[PDB]
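Data block below; observations after.
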Amino acid sequence: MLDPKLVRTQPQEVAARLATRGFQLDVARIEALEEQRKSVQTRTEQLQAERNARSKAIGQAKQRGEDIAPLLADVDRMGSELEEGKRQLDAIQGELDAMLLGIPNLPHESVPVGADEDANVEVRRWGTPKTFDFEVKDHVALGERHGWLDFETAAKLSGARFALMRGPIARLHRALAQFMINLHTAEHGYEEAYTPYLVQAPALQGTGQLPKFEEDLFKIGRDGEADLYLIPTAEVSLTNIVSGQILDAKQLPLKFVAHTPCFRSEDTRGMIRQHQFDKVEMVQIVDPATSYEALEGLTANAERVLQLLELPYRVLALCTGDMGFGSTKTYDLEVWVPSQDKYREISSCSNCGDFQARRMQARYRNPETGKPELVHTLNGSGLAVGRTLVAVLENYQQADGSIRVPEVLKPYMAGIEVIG
Amino acid sequence: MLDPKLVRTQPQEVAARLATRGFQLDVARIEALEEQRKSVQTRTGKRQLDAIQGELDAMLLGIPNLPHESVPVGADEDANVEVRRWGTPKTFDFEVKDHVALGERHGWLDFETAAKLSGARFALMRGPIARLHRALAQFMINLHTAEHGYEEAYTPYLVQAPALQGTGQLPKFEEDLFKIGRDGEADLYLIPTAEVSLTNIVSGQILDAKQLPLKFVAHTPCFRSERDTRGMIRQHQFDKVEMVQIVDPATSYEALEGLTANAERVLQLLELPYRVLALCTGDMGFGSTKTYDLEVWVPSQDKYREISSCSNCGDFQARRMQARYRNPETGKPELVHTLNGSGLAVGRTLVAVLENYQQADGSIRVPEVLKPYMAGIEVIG
Ligand SMILES: Cn1c(=O)ccn([C@@H]2O[C@H](COS(=O)(=O)NC(=O)[C@@H](N)CO)[C@@H](O)[C@H]2O)c1=O
Ligand SMILES: Cn1c(=O)ccn([C@@H]2O[C@H](COS(=O)(=O)NC(=O)[C@@H](N)CO)[C@@H](O)[C@H]2O)c1=O
Ligand code: NA
Ligand code: NA
């Protein structure tokens, strides 16, 4: 949610900033609703003035021994219209709120203005994509060899876009997730958390997936119970820890890390696109003055995972036309994928500003004013575990089809140094 | 599903054995349907044959497993037999606190934030308690893979109906599952246990005799919409480290003893006193022939509480899955036997760790085997 006062009073300036995202604000409808509101409010004011006078004129008519029936009938009619005037103003405000819940965030001034994906800038890249002396295999060819990565058995259980891992590939996947959590808790100042993987609608509305992106979620419809949704990311559960709270300035920043499955009902082959995937999520609840510096740190934390695994990657600053709904500024990390001869997305790191904090009423008590003020929220993958496994399998492949274990993962691989 | 030959050749004995579970086998309806199929065959139309076949198959999928002759005969939980114990429950020199009071002290176990997010029967864990939960699950999976011969697996947590019918949750227990209704697609169900995904790896296959035993281990969330039940004891979501075995039918009752010892080892290494209960015929799970429950000591309750269920399913799930192996003696593809057991339910291990390891000041001492996973933390709070 944007600032309601800003959208209602400056719809033209808000529309112009939003147009950079390709989003066309319904300025004609905001102004029409605002014209209707002003018209009803002026009618209720004139009626309040008329009814109050008539209601007190009954007292005076009584003192004169006069008939009060014409006056009571006037007051009663006026009262009934004021009650409708309230219903009209409530239904106008109701329509305006429903509309404001579907508006994407305002891009920060520093975001490059672009109409599409081609206006995204490379910020920097790290490491050098390996030149192989043999024909590179993809992660599907590599992992299927001994049945350690099995899409057929997963299709037999659950249908398309699911995976089954066994033996050393399953251990390598767990090693990756354990390495990420241990790194963020030991070196990057994040507090570990275990969260529900099923949330009710209010949590998803707090982070921006609801009301607009319901069709992308798996829903559990329940009889006489509030429906449950499978989390698309631990961002939903972690960010909402602070909903409806006034935090002390001393408690900021709150930094959370969670390793959870992620469920989405939205080449893309093998493990690139899945209905379920593990992701180690980083979430920060910060002082608004520090959120853009916090984003730089958050991005460096996700990068550190790739540097430690020695995986060549690239950092992209997303343009205005290529951002997520609730983001003011995003950096995408893209890992080198040898079988594709390109870098592919492995993490998105965003500053949401006060957009999610507004929806969930997550606040802090400002020290200067003493007044409760909205916090800023940030989130970032550090990393999507299945995609890192794809990167590990492909970048560490040997000529015989075996896989070298990355150095930082050997303590988790129980003596295994080469897979197959 | 039960052997169709046994149901036909020995109806009275199969019915008398099932009656020890409190299940009344409808021999009359089964044999009346068999007579109708035989009469319709001698005349052959397709409508009446498919209706009789659909009726018979639906009945057949509703019959629980035959209890093994070594299973104590009883009507309820009070007839379950304690077969052994391990360890001495601790005598505390202060008033014992439950895991809820222990965990809630610094916000590290938070039922209120979880309720705000998801409603009742959910949990949120933070900092050293979340780290201890993760340490427990890592310990269990590292133990089973390194010492007990189990191959690790990452599985889907959403399955379609045939996998649940393969292990016995469907058709009879649909109400206990969280279903995802999918428009113009097969509905998905959240897994109640990794037993569903692990056991079904071998469905529709003829394995090699040399491939047996197949021993799988997985750490997964478990989702169910179903004595003291406070906090993490009962949840809609909980983590469980599951052990599954696909074995030669001749070895399955020795394999159950080995599976039960694997689960027990986690409790021994954590130094958590417990007891082993041989479930009676009237307290057994639908798909089981024989079950041992592990019940860990819970100081706040002054009693042992269930933390694991180890079962031999015989050929029951194999029949539903058509999971076979090529018999080296005969040459014929024969049904395999299947087994599963918790090693362990992670949330309930955490309850047991918090309570048994608590100290006078409300702090919790970290179990010895968990210290390598706790980043220097030896005392929680
Ligand atoms: C397997 N798989 C998918 O099918 C889809 C996405 N991803 C990775 O997940 C990362 C984070 O997803 S996101 O871009 O929608 N952003 C978030 O979820 C925020 N909570 C920040 O993480 C993407 O960068 C993909 O690499 C998959 O792995
Ligand atoms: C939190 N919680 C529950 O809410 C319910 C059960 N349990 C434990 O899970 C163990 C295994 O569940 S079971 O008995 O249904 N058996 C199986 O699922 C098999 N696949 C073997 O694991 C129970 O023993 C409870 O201790 C919870 O922890
Ligand atoms: Na992205
Ligand atoms: Na049980």
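In the structure tokens, chains take letters A, B, ... by order of appearance, with residues numbered from 1 within each chain and ligands from 1 in the order shown.
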
Closest atom pairs, residues of chain B within 7 Å of chain A, only C-alpha atoms, as JSON lines:
```
{"residue": "B:113", "atom": "CA", "partner": "A:241", "partner_atom": "CA", "distance": 6.2}
{"residue": "B:114", "atom": "CA", "partner": "A:196", "partner_atom": "CA", "distance": 6.8}
{"residue": "B:117", "atom": "CA", "partner": "A:199", "partner_atom": "CA", "distance": 5.5}
{"residue": "B:118", "atom": "CA", "partner": "A:199", "partner_atom": "CA", "distance": 4.3}
{"residue": "B:122", "atom": "CA", "partner": "A:196", "partner_atom": "CA", "distance": 6.2}
{"residue": "B:123", "atom": "CA", "partner": "A:196", "partner_atom": "CA", "distance": 6.4}
{"residue": "B:124", "atom": "CA", "partner": "A:195", "partner_atom": "CA", "distance": 4.9}
{"residue": "B:125", "atom": "CA", "partner": "A:194", "partner_atom": "CA", "distance": 5.0}
{"residue": "B:126", "atom": "CA", "partner": "A:193", "partner_atom": "CA", "distance": 4.3}
{"residue": "B:127", "atom": "CA", "partner": "A:192", "partner_atom": "CA", "distance": 5.0}
{"residue": "B:130", "atom": "CA", "partner": "A:193", "partner_atom": "CA", "distance": 5.5}
{"residue": "B:131", "atom": "CA", "partner": "A:192", "partner_atom": "CA", "distance": 6.7}
{"residue": "B:151", "atom": "CA", "partner": "A:167", "partner_atom": "CA", "distance": 5.3}
{"residue": "B:152", "atom": "CA", "partner": "A:167", "partner_atom": "CA", "distance": 5.0}
{"residue": "B:153", "atom": "CA", "partner": "A:166", "partner_atom": "CA", "distance": 4.3}
{"residue": "B:154", "atom": "CA", "partner": "A:165", "partner_atom": "CA", "distance": 4.9}
{"residue": "B:155", "atom": "CA", "partner": "A:164", "partner_atom": "CA", "distance": 4.9}
{"residue": "B:156", "atom": "CA", "partner": "A:162", "partner_atom": "CA", "distance": 6.2}
{"residue": "B:158", "atom": "CA", "partner": "A:158", "partner_atom": "CA", "distance": 6.4}
{"residue": "B:159", "atom": "CA", "partner": "A:158", "partner_atom": "CA", "distance": 4.4}
{"residue": "B:160", "atom": "CA", "partner": "A:158", "partner_atom": "CA", "distance": 5.1}
{"residue": "B:163", "atom": "CA", "partner": "A:157", "partner_atom": "CA", "distance": 5.8}
{"residue": "B:178", "atom": "CA", "partner": "A:220", "partner_atom": "CA", "distance": 6.6}
{"residue": "B:179", "atom": "CA", "partner": "A:220", "partner_atom": "CA", "distance": 6.0}
{"residue": "B:180", "atom": "CA", "partner": "A:220", "partner_atom": "CA", "distance": 5.1}
{"residue": "B:197", "atom": "CA", "partner": "A:157", "partner_atom": "CA", "distance": 7.0}
{"residue": "B:201", "atom": "CA", "partner": "A:153", "partner_atom": "CA", "distance": 6.3}
```

Would you name the residues within 7 Å of ligand 2, counting only C-alpha atoms and all ligand atoms, and put them as a PDB file with N, CA, C and O atoms, in the first residue's frame?
```pdb
ATOM      1  N   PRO B 192       0.912 -36.404   5.035  1.00  0.00           N
ATOM      2  CA  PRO B 192       0.764 -36.546   6.497  1.00  0.00           C
ATOM      3  C   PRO B 192       2.044 -37.053   7.156  1.00  0.00           C
ATOM      4  O   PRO B 192       2.223 -36.919   8.374  1.00  0.00           O
ATOM      5  N   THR B 193       2.907 -37.692   6.344  1.00  0.00           N
ATOM      6  CA  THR B 193       4.174 -38.326   6.725  1.00  0.00           C
ATOM      7  C   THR B 193       4.971 -38.612   5.470  1.00  0.00           C
ATOM      8  O   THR B 193       4.358 -38.863   4.428  1.00  0.00           O
ATOM      9  N   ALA B 194       6.331 -38.624   5.565  1.00  0.00           N
ATOM     10  CA  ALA B 194       7.206 -38.971   4.433  1.00  0.00           C
ATOM     11  C   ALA B 194       7.086 -40.440   4.049  1.00  0.00           C
ATOM     12  O   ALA B 194       7.579 -40.820   2.992  1.00  0.00           O
ATOM     13  N   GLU B 195       6.389 -41.252   4.853  1.00  0.00           N
ATOM     14  CA  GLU B 195       6.089 -42.664   4.549  1.00  0.00           C
ATOM     15  C   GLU B 195       5.375 -42.756   3.180  1.00  0.00           C
ATOM     16  O   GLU B 195       5.627 -43.685   2.405  1.00  0.00           O
ATOM     17  N   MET B 232       3.542 -27.907  21.146  1.00  0.00           N
ATOM     18  CA  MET B 232       4.069 -28.696  20.037  1.00  0.00           C
ATOM     19  C   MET B 232       3.734 -30.187  20.051  1.00  0.00           C
ATOM     20  O   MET B 232       4.099 -30.887  19.088  1.00  0.00           O
ATOM     21  N   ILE B 233       3.063 -30.689  21.130  1.00  0.00           N
ATOM     22  CA  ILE B 233       2.658 -32.089  21.211  1.00  0.00           C
ATOM     23  C   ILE B 233       1.698 -32.404  20.027  1.00  0.00           C
ATOM     24  O   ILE B 233       1.830 -33.438  19.382  1.00  0.00           O
ATOM     25  N   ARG B 234       0.755 -31.513  19.748  1.00  0.00           N
ATOM     26  CA  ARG B 234      -0.170 -31.700  18.634  1.00  0.00           C
ATOM     27  C   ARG B 234      -0.147 -30.436  17.771  1.00  0.00           C
ATOM     28  O   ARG B 234      -0.244 -29.315  18.294  1.00  0.00           O
ATOM     29  N   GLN B 235       0.104 -30.626  16.468  1.00  0.00           N
ATOM     30  CA  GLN B 235       0.276 -29.544  15.495  1.00  0.00           C
ATOM     31  C   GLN B 235      -0.242 -29.963  14.126  1.00  0.00           C
ATOM     32  O   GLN B 235      -0.238 -31.161  13.817  1.00  0.00           O
ATOM     33  N   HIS B 236      -0.659 -28.974  13.300  1.00  0.00           N
ATOM     34  CA  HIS B 236      -1.131 -29.196  11.931  1.00  0.00           C
ATOM     35  C   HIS B 236       0.050 -29.382  11.033  1.00  0.00           C
ATOM     36  O   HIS B 236      -0.086 -29.914   9.938  1.00  0.00           O
ATOM     37  N   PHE B 238       4.346 -30.375  11.567  1.00  0.00           N
ATOM     38  CA  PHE B 238       5.479 -30.762  12.388  1.00  0.00           C
ATOM     39  C   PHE B 238       6.511 -31.426  11.507  1.00  0.00           C
ATOM     40  O   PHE B 238       6.166 -31.991  10.475  1.00  0.00           O
ATOM     41  N   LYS B 240       9.303 -34.374  10.863  1.00  0.00           N
ATOM     42  CA  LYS B 240       9.570 -35.746  11.254  1.00  0.00           C
ATOM     43  C   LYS B 240      10.659 -36.371  10.365  1.00  0.00           C
ATOM     44  O   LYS B 240      10.632 -36.238   9.138  1.00  0.00           O
ATOM     45  N   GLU B 242      11.734 -39.613   9.014  1.00  0.00           N
ATOM     46  CA  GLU B 242      11.097 -40.893   8.715  1.00  0.00           C
ATOM     47  C   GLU B 242      12.067 -41.941   8.165  1.00  0.00           C
ATOM     48  O   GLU B 242      12.848 -41.650   7.255  1.00  0.00           O
ATOM     49  N   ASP B 293       5.460 -48.736  19.646  1.00  0.00           N
ATOM     50  CA  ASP B 293       5.456 -47.298  19.866  1.00  0.00           C
ATOM     51  C   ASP B 293       6.573 -46.966  20.848  1.00  0.00           C
ATOM     52  O   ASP B 293       6.759 -47.680  21.856  1.00  0.00           O
ATOM     53  N   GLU B 306       4.062 -40.762  23.586  1.00  0.00           N
ATOM     54  CA  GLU B 306       4.428 -41.232  22.243  1.00  0.00           C
ATOM     55  C   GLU B 306       5.275 -40.216  21.478  1.00  0.00           C
ATOM     56  O   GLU B 306       4.932 -39.033  21.440  1.00  0.00           O
ATOM     57  N   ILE B 307       6.360 -40.697  20.849  1.00  0.00           N
ATOM     58  CA  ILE B 307       7.301 -39.902  20.059  1.00  0.00           C
ATOM     59  C   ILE B 307       7.610 -40.620  18.718  1.00  0.00           C
ATOM     60  O   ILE B 307       8.185 -40.014  17.805  1.00  0.00           O
ATOM     61  N   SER B 308       7.227 -41.899  18.604  1.00  0.00           N
ATOM     62  CA  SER B 308       7.516 -42.703  17.408  1.00  0.00           C
ATOM     63  C   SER B 308       6.601 -43.907  17.304  1.00  0.00           C
ATOM     64  O   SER B 308       6.215 -44.477  18.316  1.00  0.00           O
ATOM     65  N   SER B 309       6.306 -44.312  16.067  1.00  0.00           N
ATOM     66  CA  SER B 309       5.509 -45.475  15.748  1.00  0.00           C
ATOM     67  C   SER B 309       6.284 -46.253  14.709  1.00  0.00           C
ATOM     68  O   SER B 309       6.526 -45.733  13.636  1.00  0.00           O
ATOM     69  N   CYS B 310       6.703 -47.478  15.027  1.00  0.00           N
ATOM     70  CA  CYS B 310       7.468 -48.316  14.104  1.00  0.00           C
ATOM     71  C   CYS B 310       6.596 -49.508  13.715  1.00  0.00           C
ATOM     72  O   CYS B 310       6.136 -50.236  14.592  1.00  0.00           O
ATOM     73  N   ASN B 340       7.825 -48.871   8.144  1.00  0.00           N
ATOM     74  CA  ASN B 340       8.107 -47.459   8.353  1.00  0.00           C
ATOM     75  C   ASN B 340       8.158 -47.196   9.847  1.00  0.00           C
ATOM     76  O   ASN B 340       7.504 -47.914  10.598  1.00  0.00           O
ATOM     77  N   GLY B 341       8.901 -46.172  10.257  1.00  0.00           N
ATOM     78  CA  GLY B 341       8.999 -45.793  11.659  1.00  0.00           C
ATOM     79  C   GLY B 341       9.572 -44.412  11.820  1.00  0.00           C
ATOM     80  O   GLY B 341      10.433 -44.010  11.035  1.00  0.00           O
ATOM     81  N   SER B 342       9.081 -43.661  12.808  1.00  0.00           N
ATOM     82  CA  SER B 342       9.617 -42.315  13.086  1.00  0.00           C
ATOM     83  C   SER B 342      10.985 -42.452  13.753  1.00  0.00           C
ATOM     84  O   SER B 342      11.160 -43.239  14.663  1.00  0.00           O
ATOM     85  N   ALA B 345       9.848 -37.885  15.462  1.00  0.00           N
ATOM     86  CA  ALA B 345       8.983 -36.723  15.291  1.00  0.00           C
ATOM     87  C   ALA B 345       9.831 -35.642  15.998  1.00  0.00           C
ATOM     88  O   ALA B 345      10.121 -35.790  17.195  1.00  0.00           O
ATOM     89  N   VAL B 346      10.307 -34.617  15.236  1.00  0.00           N
ATOM     90  CA  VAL B 346      11.277 -33.609  15.694  1.00  0.00           C
ATOM     91  C   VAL B 346      10.684 -32.650  16.735  1.00  0.00           C
ATOM     92  O   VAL B 346      11.357 -32.376  17.743  1.00  0.00           O
ATOM     93  N   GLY B 347       9.449 -32.182  16.512  1.00  0.00           N
ATOM     94  CA  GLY B 347       8.761 -31.305  17.454  1.00  0.00           C
ATOM     95  C   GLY B 347       8.611 -31.935  18.831  1.00  0.00           C
ATOM     96  O   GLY B 347       8.941 -31.312  19.848  1.00  0.00           O
ATOM     97  N   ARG B 348       8.197 -33.210  18.870  1.00  0.00           N
ATOM     98  CA  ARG B 348       8.056 -33.944  20.134  1.00  0.00           C
ATOM     99  C   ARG B 348       9.392 -34.277  20.802  1.00  0.00           C
ATOM    100  O   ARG B 348       9.437 -34.405  22.035  1.00  0.00           O
TER     101      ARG B 348
END
```

Hey, what's within 6 Å of residue 287 in chain B if we count only C-alpha atoms and toss same-chain stuff fewer than 5 positions away? As a PDB file with C-alpha atoms, in the first residue's frame, please?
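Saved as around.pdb:
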```pdb
ATOM      1  CA  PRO B  64      -7.456 -53.057   7.595  1.00  0.00           C
ATOM      2  CA  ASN B  65      -4.346 -55.277   7.691  1.00  0.00           C
ATOM      3  CA  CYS B 313       2.944 -53.501   6.945  1.00  0.00           C
TER       4      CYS B 313
END
```

Exercise: range 267-270 of chain A partners within 10 Å, only C-alpha atoms, chain neighbours under 6 positions left out, as a ChimeraX atom specification: /A:138-141,143,149-151,160-163,340,344,386-387,390

Go ahead and save the residues from that selection, with C-alpha atoms, as a JSON list (two decimals), in the first residue's frame.
```json
[["chain", "number", "residue", "atom", "x", "y", "z"],
["A", 138, "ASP", "CA", 22.98, -30.29, -17.88],
["A", 139, "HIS", "CA", 21.93, -31.05, -14.23],
["A", 140, "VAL", "CA", 19.17, -33.44, -15.47],
["A", 141, "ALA", "CA", 21.69, -35.60, -17.49],
["A", 143, "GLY", "CA", 21.79, -36.17, -11.76],
["A", 149, "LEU", "CA", 17.95, -36.94, -9.25],
["A", 150, "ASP", "CA", 14.63, -38.53, -10.29],
["A", 151, "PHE", "CA", 11.86, -36.49, -12.00],
["A", 160, "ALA", "CA", 4.95, -32.40, -13.27],
["A", 161, "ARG", "CA", 7.26, -29.75, -11.70],
["A", 162, "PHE", "CA", 8.28, -31.89, -8.64],
["A", 163, "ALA", "CA", 11.63, -33.56, -7.85],
["A", 340, "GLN", "CA", 22.94, -22.89, -21.13],
["A", 344, "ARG", "CA", 20.40, -17.49, -14.70],
["A", 386, "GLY", "CA", 17.41, -26.17, -5.75],
["A", 387, "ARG", "CA", 18.88, -23.63, -8.23],
["A", 390, "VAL", "CA", 21.78, -26.99, -10.42]]
```

Pick from B:299, B:285, B:213, B:328 nearest to residue 247 in chain B, counting only C-alpha atoms: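 For residue 247 in chain B, the nearest of the given residues is B:213.
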
Residues of range 138-304 of chain B in alpha helix (DSSP H), written as a PyMOL selection string: chain B and resi 138-147+161-167+195-199+252-269

Output the selection as a compact mmCIF listing (two decimals), in the first residue's frame - N, CA, C and O atoms for each residue.
```txt
# COMPACT_ATOMS: atom_id res chain seq x y z
N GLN B 138 19.07 -32.67 12.09
CA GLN B 138 20.37 -32.95 11.45
C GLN B 138 21.01 -34.15 12.10
O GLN B 138 21.42 -35.09 11.42
N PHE B 139 20.99 -34.17 13.42
CA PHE B 139 21.49 -35.29 14.21
C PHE B 139 20.84 -36.60 13.76
O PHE B 139 21.56 -37.54 13.46
N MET B 140 19.49 -36.65 13.68
CA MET B 140 18.75 -37.86 13.30
C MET B 140 19.10 -38.35 11.89
O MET B 140 19.35 -39.54 11.71
N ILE B 141 19.11 -37.46 10.89
CA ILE B 141 19.40 -37.82 9.50
C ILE B 141 20.88 -38.23 9.34
O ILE B 141 21.15 -39.21 8.63
N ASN B 142 21.81 -37.55 10.03
CA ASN B 142 23.24 -37.92 9.98
C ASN B 142 23.48 -39.28 10.61
O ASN B 142 24.35 -40.04 10.14
N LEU B 143 22.70 -39.60 11.65
CA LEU B 143 22.79 -40.87 12.39
C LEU B 143 22.32 -42.04 11.53
O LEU B 143 23.02 -43.03 11.44
N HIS B 144 21.14 -41.93 10.94
CA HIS B 144 20.57 -43.00 10.13
C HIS B 144 21.37 -43.30 8.89
O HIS B 144 21.51 -44.46 8.55
N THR B 145 21.92 -42.26 8.23
CA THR B 145 22.73 -42.43 7.02
C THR B 145 24.11 -42.98 7.32
O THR B 145 24.62 -43.79 6.53
N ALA B 146 24.75 -42.51 8.41
CA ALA B 146 26.11 -42.94 8.74
C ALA B 146 26.17 -44.29 9.45
O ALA B 146 27.11 -45.05 9.21
N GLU B 147 25.19 -44.59 10.32
CA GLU B 147 25.28 -45.81 11.14
C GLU B 147 24.24 -46.87 10.91
O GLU B 147 24.47 -48.00 11.31
N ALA B 161 -3.64 -38.43 -5.14
CA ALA B 161 -4.37 -39.52 -4.48
C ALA B 161 -3.76 -40.95 -4.65
O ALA B 161 -3.70 -41.66 -3.64
N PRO B 162 -3.33 -41.42 -5.86
CA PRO B 162 -2.78 -42.80 -5.96
C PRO B 162 -1.65 -43.13 -4.96
O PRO B 162 -1.61 -44.25 -4.44
N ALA B 163 -0.76 -42.17 -4.66
CA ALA B 163 0.30 -42.39 -3.67
C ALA B 163 -0.30 -42.63 -2.26
O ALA B 163 0.13 -43.56 -1.58
N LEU B 164 -1.35 -41.86 -1.88
CA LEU B 164 -2.01 -42.06 -0.58
C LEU B 164 -2.79 -43.37 -0.51
O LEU B 164 -2.87 -43.96 0.57
N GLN B 165 -3.30 -43.86 -1.65
CA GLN B 165 -3.99 -45.13 -1.71
C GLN B 165 -2.96 -46.26 -1.61
O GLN B 165 -3.23 -47.29 -0.97
N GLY B 166 -1.78 -46.04 -2.19
CA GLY B 166 -0.66 -46.98 -2.11
C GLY B 166 -0.26 -47.29 -0.67
O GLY B 166 -0.05 -48.44 -0.32
N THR B 167 -0.21 -46.26 0.21
CA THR B 167 0.16 -46.50 1.61
C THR B 167 -1.04 -46.72 2.57
O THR B 167 -0.81 -47.09 3.72
N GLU B 195 6.39 -41.25 4.85
CA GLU B 195 6.09 -42.66 4.55
C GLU B 195 5.37 -42.76 3.18
O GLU B 195 5.63 -43.68 2.40
N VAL B 196 4.48 -41.78 2.90
CA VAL B 196 3.68 -41.71 1.69
C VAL B 196 4.58 -41.59 0.46
O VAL B 196 4.42 -42.33 -0.51
N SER B 197 5.52 -40.64 0.50
CA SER B 197 6.41 -40.37 -0.62
C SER B 197 7.51 -41.42 -0.75
O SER B 197 7.71 -41.93 -1.85
N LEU B 198 8.15 -41.81 0.38
CA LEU B 198 9.23 -42.82 0.43
C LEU B 198 8.79 -44.21 0.00
O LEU B 198 9.44 -44.81 -0.85
N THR B 199 7.70 -44.75 0.60
CA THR B 199 7.23 -46.10 0.27
C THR B 199 6.84 -46.21 -1.21
O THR B 199 7.16 -47.22 -1.83
N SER B 252 11.00 -59.52 7.17
CA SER B 252 10.27 -58.34 7.65
C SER B 252 10.08 -58.24 9.17
O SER B 252 10.13 -57.12 9.67
N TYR B 253 9.90 -59.36 9.90
CA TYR B 253 9.73 -59.28 11.36
C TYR B 253 11.06 -59.08 12.10
O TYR B 253 11.06 -58.44 13.15
N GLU B 254 12.18 -59.51 11.50
CA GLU B 254 13.51 -59.21 12.05
C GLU B 254 13.81 -57.76 11.67
O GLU B 254 14.33 -57.02 12.51
N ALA B 255 13.41 -57.32 10.46
CA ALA B 255 13.59 -55.91 10.02
C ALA B 255 12.84 -54.90 10.94
O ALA B 255 13.34 -53.79 11.10
N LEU B 256 11.67 -55.28 11.52
CA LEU B 256 10.92 -54.41 12.44
C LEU B 256 11.70 -54.16 13.74
O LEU B 256 11.74 -53.04 14.24
N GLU B 257 12.34 -55.21 14.25
CA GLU B 257 13.18 -55.15 15.46
C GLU B 257 14.36 -54.21 15.22
O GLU B 257 14.66 -53.37 16.07
N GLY B 258 14.98 -54.31 14.05
CA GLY B 258 16.09 -53.45 13.64
C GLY B 258 15.67 -52.00 13.47
O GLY B 258 16.36 -51.09 13.93
N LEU B 259 14.49 -51.78 12.85
CA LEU B 259 13.89 -50.46 12.63
C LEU B 259 13.57 -49.79 13.99
O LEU B 259 13.96 -48.64 14.21
N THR B 260 12.96 -50.55 14.92
CA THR B 260 12.63 -50.06 16.27
C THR B 260 13.92 -49.66 17.03
O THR B 260 13.92 -48.63 17.72
N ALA B 261 15.03 -50.45 16.89
CA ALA B 261 16.34 -50.17 17.51
C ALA B 261 16.96 -48.89 16.94
O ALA B 261 17.67 -48.18 17.67
N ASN B 262 16.69 -48.59 15.64
CA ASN B 262 17.20 -47.39 14.94
C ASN B 262 16.58 -46.15 15.54
O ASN B 262 17.28 -45.18 15.81
N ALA B 263 15.25 -46.20 15.77
CA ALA B 263 14.48 -45.12 16.38
C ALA B 263 14.95 -44.92 17.84
O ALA B 263 15.24 -43.80 18.24
N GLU B 264 15.05 -46.02 18.60
CA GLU B 264 15.48 -46.04 19.99
C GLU B 264 16.86 -45.39 20.22
O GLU B 264 17.06 -44.73 21.25
N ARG B 265 17.80 -45.62 19.29
CA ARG B 265 19.18 -45.10 19.29
C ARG B 265 19.21 -43.58 19.36
O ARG B 265 20.05 -43.03 20.07
N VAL B 266 18.28 -42.90 18.67
CA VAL B 266 18.18 -41.44 18.72
C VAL B 266 17.90 -41.00 20.18
O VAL B 266 18.55 -40.07 20.68
N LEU B 267 16.98 -41.71 20.87
CA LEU B 267 16.61 -41.41 22.25
C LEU B 267 17.74 -41.72 23.24
O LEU B 267 17.95 -40.95 24.19
N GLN B 268 18.48 -42.81 22.99
CA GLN B 268 19.64 -43.21 23.81
C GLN B 268 20.77 -42.18 23.72
O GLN B 268 21.30 -41.73 24.74
N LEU B 269 21.12 -41.79 22.49
CA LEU B 269 22.19 -40.82 22.27
C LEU B 269 21.84 -39.44 22.82
O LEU B 269 22.72 -38.74 23.31
```

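Contacts with ligand 1 are defined as any residue atom within 6 Å of a ligand atom, using only C-alpha atoms and all ligand atoms; the residues meeting this criterion are residues 233, 235, 271, 272, 273, 274, 277, 281, 345, 346, 347, 348, 349, 379, 380, 381, 384, 386 and 387 of chain A.
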
Using only C-alpha atoms: which of A:24, A:314, A:175, A:326 has the shortest distance to residue 410 in chain A: A:175

Counting only C-alpha atoms and all ligand atoms, the residue of B:82, B:77, B:368, B:355 that sits nearest ligand 4: B:77

Test item: residues at most 9 Å from residue 116 in chain A, only C-alpha atoms, excluding those fewer than 6 positions along its chain, as JSON, numbers by chain: {"A": [21, 22, 319, 320, 321, 322]}

Could you write out that same residue set with C-alpha atoms as an mmCIF file, in the first residue's frame?
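This went into part-v1.cif:
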```cif
data_model
loop_
_atom_site.group_PDB
_atom_site.id
_atom_site.type_symbol
_atom_site.label_atom_id
_atom_site.label_comp_id
_atom_site.auth_asym_id
_atom_site.auth_seq_id
_atom_site.Cartn_x
_atom_site.Cartn_y
_atom_site.Cartn_z
ATOM 1 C CA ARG A 21 6.657 0.555 -14.130
ATOM 2 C CA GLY A 22 4.218 0.461 -17.113
ATOM 3 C CA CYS A 319 14.883 -1.257 -13.998
ATOM 4 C CA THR A 320 11.430 0.358 -13.219
ATOM 5 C CA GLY A 321 9.651 -1.891 -15.794
ATOM 6 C CA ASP A 322 11.023 -5.153 -14.355
#
```

For ligand 4, the nearest of the candidates B:344, B:352, B:73, B:377, counting only C-alpha atoms and all ligand atoms: B:344

Test item, strand (DSSP E) assignment across range 133-353 of chain B, answer as a PyMOL selection string: chain B and resi 151-154+158-159+179-180+188-190+206-207+214-223+237-247+274-278+290-298+303-314+324-326+333-335+337-345

Which residue of B:79, B:214, B:19, B:284 approaches ligand 4 most closely, using only C-alpha atoms and all ligand atoms: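 Smallest distance to ligand 4 is found for B:284.
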
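Taking CA of residue 396 in chain A as the reference point, CA of residue 311 in chain A is found at 9.2 Å.
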